[PDB]
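S.K.: Just passing along the structure, written as structure tokens.
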Amino acid sequence: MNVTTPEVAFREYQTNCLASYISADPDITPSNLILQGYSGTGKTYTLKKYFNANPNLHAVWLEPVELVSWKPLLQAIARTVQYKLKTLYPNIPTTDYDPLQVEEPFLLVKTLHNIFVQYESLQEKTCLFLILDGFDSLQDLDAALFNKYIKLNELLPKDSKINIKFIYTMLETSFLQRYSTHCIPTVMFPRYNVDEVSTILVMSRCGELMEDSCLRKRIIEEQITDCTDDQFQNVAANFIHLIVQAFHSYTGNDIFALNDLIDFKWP
Amino acid sequence: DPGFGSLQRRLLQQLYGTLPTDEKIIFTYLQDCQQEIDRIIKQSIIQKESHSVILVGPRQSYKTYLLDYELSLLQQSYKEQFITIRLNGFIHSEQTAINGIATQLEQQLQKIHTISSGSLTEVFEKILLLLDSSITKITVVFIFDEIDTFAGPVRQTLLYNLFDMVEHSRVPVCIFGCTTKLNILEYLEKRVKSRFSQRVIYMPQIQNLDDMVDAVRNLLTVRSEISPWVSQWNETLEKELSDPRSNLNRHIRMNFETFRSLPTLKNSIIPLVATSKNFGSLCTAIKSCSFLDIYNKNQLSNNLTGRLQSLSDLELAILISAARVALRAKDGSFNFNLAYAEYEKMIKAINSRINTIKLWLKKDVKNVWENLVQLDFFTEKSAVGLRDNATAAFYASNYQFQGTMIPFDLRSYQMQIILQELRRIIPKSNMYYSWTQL
Amino acid sequence: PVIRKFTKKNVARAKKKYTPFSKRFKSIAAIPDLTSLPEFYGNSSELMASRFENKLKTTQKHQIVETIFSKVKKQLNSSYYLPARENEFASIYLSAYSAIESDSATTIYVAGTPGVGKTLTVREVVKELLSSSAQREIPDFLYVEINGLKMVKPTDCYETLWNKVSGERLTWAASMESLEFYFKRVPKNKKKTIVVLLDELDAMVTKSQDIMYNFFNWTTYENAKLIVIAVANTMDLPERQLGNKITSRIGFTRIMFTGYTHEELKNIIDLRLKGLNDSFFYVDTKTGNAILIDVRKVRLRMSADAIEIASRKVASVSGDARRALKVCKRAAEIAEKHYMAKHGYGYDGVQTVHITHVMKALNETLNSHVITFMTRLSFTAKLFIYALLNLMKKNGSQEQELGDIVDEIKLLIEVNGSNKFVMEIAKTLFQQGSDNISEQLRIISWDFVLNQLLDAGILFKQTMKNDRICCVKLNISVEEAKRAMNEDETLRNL
Amino acid sequence: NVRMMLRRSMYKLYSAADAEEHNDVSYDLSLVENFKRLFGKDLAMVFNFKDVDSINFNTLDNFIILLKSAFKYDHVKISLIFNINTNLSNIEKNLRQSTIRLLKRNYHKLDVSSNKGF
Ligand SMILES: Nc1ncnc2c1ncn2[C@@H]1O[C@H](COP(=O)(O)OP(=O)(O)OP(O)(O)=S)[C@@H](O)[C@H]1O
Ligand SMILES: Nc1ncnc2c1ncn2[C@@H]1O[C@H](COP(=O)(O)OP(=O)(O)OP(O)(O)=S)[C@@H](O)[C@H]1O
Ligand SMILES: Nc1ncnc2c1ncn2[C@@H]1O[C@H](COP(=O)(O)OP(=O)(O)OP(O)(O)=S)[C@@H](O)[C@H]1O
Ligand SMILES: [Mg+2]
Ligand SMILES: [Mg+2]
Ligand SMILES: [Mg+2]
């Protein structure tokens with residue numbers, strides 16, 4: 001298209017589909033998109049790395065885990081959309097609508113209809129991506145809430161200049177199979193291998209294990225000053241390969257359990 | 001070249017349906033349905049009759065697609081003749097659909113040329129005596145998505161009054177209800193069925209394999225000369241559909257036998273086209289269709305086989321051990337204590353007949369036990385996971401369940417994948433394969 | 001200010017007063033003559049109700065074609081003298097003529113199954129005795145429509161009745177004290193008789209039954225001049241809600257409207273066709289526009305046996321006049337679209353509505369579509385039903401465990417491995433066609449077709465998060481599920 | 001449940017920050033990110049769980065995981081205080097294992113009793 005695909009390490013299929021659905025042109029972008037994977041499978045990593053490599057298409061990052069109910073989730077959508085567009089188009093005169101005034105799924109649609117009509121002087125069709133990052137992690141979740149966000153595109157005006165686009169992130173694949181007949185595109189993030197966890201964990205943590213003071217302090221204080229960075233990197237890399245090969249059978253293909261057993265056992 | 005970059009962009013926006021509304025693709029198997037919808041809208045907008053009708057078909061059956069097509073084609077000829085109201089049974093309630101009509105009434109009437117302000121008993125009596133009551137009238141067209149939630153068992157006030165405008169109002173009121181339920185007339189009350197005009201039209205279904213071939217032929221043929229590659233694309237795609245043993249016509253046949261839905265194949269073709277760098281790779285990728293095997297592998301890569309293949313050796317051994325306790329039990333139930341007892345007598349019987357395999361302790365399998373819970377291999381015993389609506393999810397959050405309060409190793413669990421299924425997926429070369437059978 | 005624990009930022013409160021009518025004249029002798037008073041009885045409200053006709057007006061009109069069958073569908077509408085309710089007209093009119101002429105108060109209760117002409121003929125009663133009152137043989141009265149399903153709240157009938165009586169906007173707890181002081185305390189010389197129609201009285205009394213008592217108790221008063229025509233559906237709604245001693249104290253009349261016979265449906269349908277049946281139109285052959293008395297003199301007769309079988313079938317089921325006027329309206333547009341397709345007029349010797357147009361209009365509302373839906377599903381969706389029907393004849397338990405269905409689908413492809421269709425599909429149903437995808441536990445599109453049958457209403461599934469022990473019913477029948485699966489060629493042989 | 005722990009915690013900090021200040025806010029964990037953008041000073045919130053042997057540990061586990069999402073805001077620090085009346089060994093059998101690995105980056109056991117050392 002007219003988009004840039006970043007090089008994420010073990011997600012090269014997932015990034016090509018992520019560049020396939022997300023674009024600046026609103027006619028060739030789906031209004032719903034699910035990125036399903038389990039925990040630690042690198043789906044907020046490559047979602048973030050895709051938008052950083054593409055700065056001219058716009059994103060609103062929401063976390064539905066720190067919003068707990070459905071009603072703060074609607075209010076944060078109304079707050080962060082109009083706060084995004086004020087930084088994004090300062091030359092447009094606008095009147096701020098109170099985001100705490102939405103108390104209904106329809107009052108979101110009426111508020112988004114009022115926000116979007118005053119940016120009607122824009123030059124071309126523009127899509128703003130509303131990233132609900134962890135929609136399944138909402139605590140009060142029920143079956144009838146995700147099909148309430150699928151259908152917001154049909155209630156908002158079709159010839160607006162700002163076309164909101166929903167990108168969902170979810171975990172558990174029994175939540176996803178309830179909405180299989182909606183036929184909305186989904187990119188799956190499967191669990192990593194043992195060789196994929198080790199390569200990711202060694203490029204993520206060898207930087208911090210040098211700037212850690214404990215390895216830093218000891219080598220000058222033990223009076224063995226015969227080392228280089230290439231030994232410094234290889235002594236921390238071989239610890240990570242050794243902390244995985246001992247505790248892979250305990251943790252599994254996690255990233256966050258390996259990251260805790262490193263820093264508990266690196267000092 | 002920019003010709004290929006313009007050959008992708010039309011061919012991909014034909015796959016989303018965002019062509020302008022004289023070039024929009026109408027498949028031949030739903031022409032007799034869209035002509036029936038076409039007749040209803042333009043003898044209610046042109047000829048000012050007031051009849052109502054319910055559209056019914058499955059999800060992704062072009063109900064909203066054909067209504068958005070018919071209004072957009074009447075948009076360009078008769079713009080001044082009608083306002084359009086659309087509600088939706090998901091985001092609207094019995095209380096909120098009253099505010100949704102009055103808000104859309106007053107903002108559609110500004111574009112051709114207050115109602116929405118006040119109490120809810122005020123805002124409902126103002127939209128009644130607006131609607132219930134050579135110059136001609138404005139026809140008001142209503143669109144309902146999921147009319148079956150408005151047809152609940154309790155009161156059905158909003159469907160009563162709108163069907164009462166079809167019969168008695170002097171304003172021409174067209175009402176579409178898009179539902180999925182086949183027995184939609186049995187949700188309606190005796191008064192509400194009596195007002196309704198009994199016309200319930202059923203969305204057509206794909207009957208033949210050649211219906212999906214012709215409908216993919218209509219989706220992937222470019223009918224104008226935009227790129228230098230248009231004729232070269234069109235003669236390639238007609239060779240790929242005329243050959244019955246082609247790979248593209250093989251992936252259409254699998255869709256016809258399993259899903260039989262063209263929007264599911266539509267999501268497969270979209271990154272086959274968008275992830276093609278040049279025309280040499282875009283012409284190759286529809287001949288081979290090697291992406292659609294990679295696509296179908298992804299969609300189904302962590303369902304339940306792809307999670308079982310992503311387990312370590314202790315995680316697999318505890319999953320087998322809990323699957324043997326669940327097979328001996330009469331209720332299919334087990335604890336952490338029962339599944340570690342079967343685990344430790346398994347590692348003994350491996351090391352006795354045989355270098356050695358580590359037996360992990362009671363405190364260390366606890367982390368493995370909790371990961372199999374959160375990967376949906378174990379469920380809580382008689383568990384109700386997600387509730388239907390918002391009030392049942394609220395009632396459950398105020399109740400304090402028993403399995404929360406009993407200790408960790410005493411919770412009864414049940415089993416997502418049984419042992420007879422667990423023998424068939426694990427390969428015959430695993431050391432744990434002999435323990436997938438009693 | 002203070003820090004609020006929650007916010008209500010969408011409160012819209014009505015400008016309705018709180019003090020009732022019993023506290024604004026200080027004396028019964030200081031109440032003026034309410035009939036010769038400007039804001040009572042709707043003497044100024046005729047300006048705002050006619051405001052909204054101008055909102056739906058537009059000036060464009062380009063020669064819409066009015067064909068032969070468009071005139072028949074205009075005349076079979078329910079909004080367009082009534083033959084088959086004559087003894088019921090003469091019962092409601094006699095009971096209301098006597099109470100208005102004697103300055104009395106009464107209640108008339110009328111019930112029946114939906115669509116039998118009772119909202120129509122009560123409005124025809126009060127239109128006859130408006131014309132009798134306008135000739136001054138009974139005194140003047142005021143007429144109030146109250147519809148229970150045209151209210152948001154059930155308590156809005158108190159607000160709307162007192163607004164029509166007095167022109168005052170009060171809350172409901174202030175409106176019922178205003179009405180109760182109005183009917184028992186205000187003298188009969190100062191008031192006007194009021195004929196209120198409590199339409200669809202079922203809907204007002206569902207929660208607290210405090211509303212049916214008040215309207216009926218107000219009619220027992222001596223000073224009250226109130227006639228409550230209470231139209232509902234069932235006949236025992238007074239005695240169930242109020243009780244036996246209350247409904248004997250009120251002493252209201254009690255009419256039931258039986259649904260119409262088939263001969264009464266014929267004298268409704270053919271009564272609305274006296275100006276058009278056996279009549280001549282002027283149809284030009286280039287636009288299609290008909291004009292009642294380049295152009296042929298065509299005429300229009302509708303077949304009498306077509307109205308016969310439309311009356312025999314509708315009256316045998318429910319007996320309502322709506323379903324018979326819209327089975328003849330539906331037949332009139334089936335005949336139009338074939339007239340519109342033969343000559344191709346579009347939109348801008350003799351025509352008839354046959355027996356086959358009325359049967360086609362009548363068959364489509366009586367057929368079910370769960371047969372036609374399930375014969376045209378996937379092989380996967382039909383394999384789900386065919387495995388569910390085998391389980392309901394191994395057990396007859398009629399709600400099957402969903403893991404028993406999965407093992408049956410696998411066993412049914414297991415056993416029939418010699419079959420020509422099953423050898424070529426089992427590769428495309430466990431690995432989904434090619435290699436590099438492993439052999440799997442569920443068939444391809446198992447989550448799609450299980451959700452497709454739950455969305456369609458064919459299939460009921462209980463709420464369990466264990467996807468294997470969950471139970472699954474049908475919702476249609478075991479017979480019409482087997483009828484749809486013995487039609488499909490590949491499943492009935494295996 | 002978990003939303004009642006948060007709506008009381010976000011009410012108790014918004015009420016106690018207007019008391020020291022001398023518009024309305026949705027009471028959720030988006031008040032923690034807007035705290036410097038609305039009050040000008042950074043935050044240090046302290047949680048004091050009173051009868052943690054009487055609370056259920058499904059809710060307290062899901063609330064510590066909820067508070068874990070406030071470590072991306074660069075101007076807040078949370079401090080938990082557990083009034084464990086009985087035992088630490090009873091608590092670590094109740095919480096999930098990935099929560100104990102979060103509670104162990106810095107913890108401090110303080111024996112608090114009238115009966116200690118007599
Ligand atoms: N392919 C990758 N290359 C490099 N680092 C990665 C990769 N995948 C994951 N990581 C890192 O490993 C950690 C995984 O965290 P996330 O990507 O946020 O996990 P997640 O997919 O969002 O799962 P949840 O639902 O948020 S727990 C982060 O620190 C990432 O930076
Ligand atoms: N206005 C539109 N213009 C173009 N394509 C559309 C439009 N609306 C829907 N589609 C597409 O049409 C296909 C299916 O049509 P739909 O109208 O969404 O089916 P459906 O009956 O509405 O399903 P529901 O609404 O969930 S019951 C999908 O690929 C949609 O993306
Ligand atoms: N005897 C009749 N003669 C002529 N037209 C009739 C007759 N009965 C009914 N209709 C027509 O059919 C419509 C039905 O209205 P009604 O039957 O009075 O309503 P209804 O009895 O209140 O049914 P509900 O509201 O569900 S209880 C009327 O508006 C007329 O157009
Ligand atoms: Mg994440
Ligand atoms: Mg729709
Ligand atoms: Mg009626």
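Structure determined by electron microscopy, 3.0 Å.
Every residue, even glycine, has its Cβ placed from backbone N, Cα and C.
Features from Swiss-Prot:
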- A:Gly37, A:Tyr38, A:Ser39, A:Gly40, A:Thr41, A:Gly42, A:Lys43, A:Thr44: ATP binding site (BINDING)
S.K.: Which residues, same chain and not among A:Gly37, A:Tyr38, A:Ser39, A:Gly40, A:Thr41, A:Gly42, A:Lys43, A:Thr44, have a CB within 8 angstroms of the centroid of the CB atoms at the recorded ATP site?
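M.R.: Residues close to the ATP site, other than A:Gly37, A:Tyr38, A:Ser39, A:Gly40, A:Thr41, A:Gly42, A:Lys43, A:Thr44: A:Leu171, A:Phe189.
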S.K.: Using Cβ atoms only, which of the binding-site residues A:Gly37, A:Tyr38, A:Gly40, A:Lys43, A:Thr44 are under 8 Å from chain B?
M.R.: A:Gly37, A:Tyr38
S.K.: I need the most crowded of these binding-site residues: A:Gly37, A:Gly40, A:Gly42. Count other C-beta atoms within 10 angstroms of each C-beta and give me the top one.
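M.R.: Per the Cβ count within 10 Å, the most buried is A:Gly37.
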S.K.: Which residues in the same chain, at least 6 apart in sequence, have a Cβ under 8 Å from the Cβ of A:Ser39 (ATP binding site)?
M.R.: A:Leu171, A:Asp254, A:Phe256
S.K.: Specify the count of other C-beta atoms within 10 Å of the C-beta of A:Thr44 (ATP binding site).
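M.R.: 17, counting other Cβ atoms within 10 Å of A:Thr44 (ATP binding site).
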S.K.: Does anything in the same chain, at least 6 positions from A:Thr41 (ATP binding site), have a Cβ under 8 Å from its Cβ, and if so what?
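M.R.: Result: A:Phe189, A:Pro190, A:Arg191, A:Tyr192.
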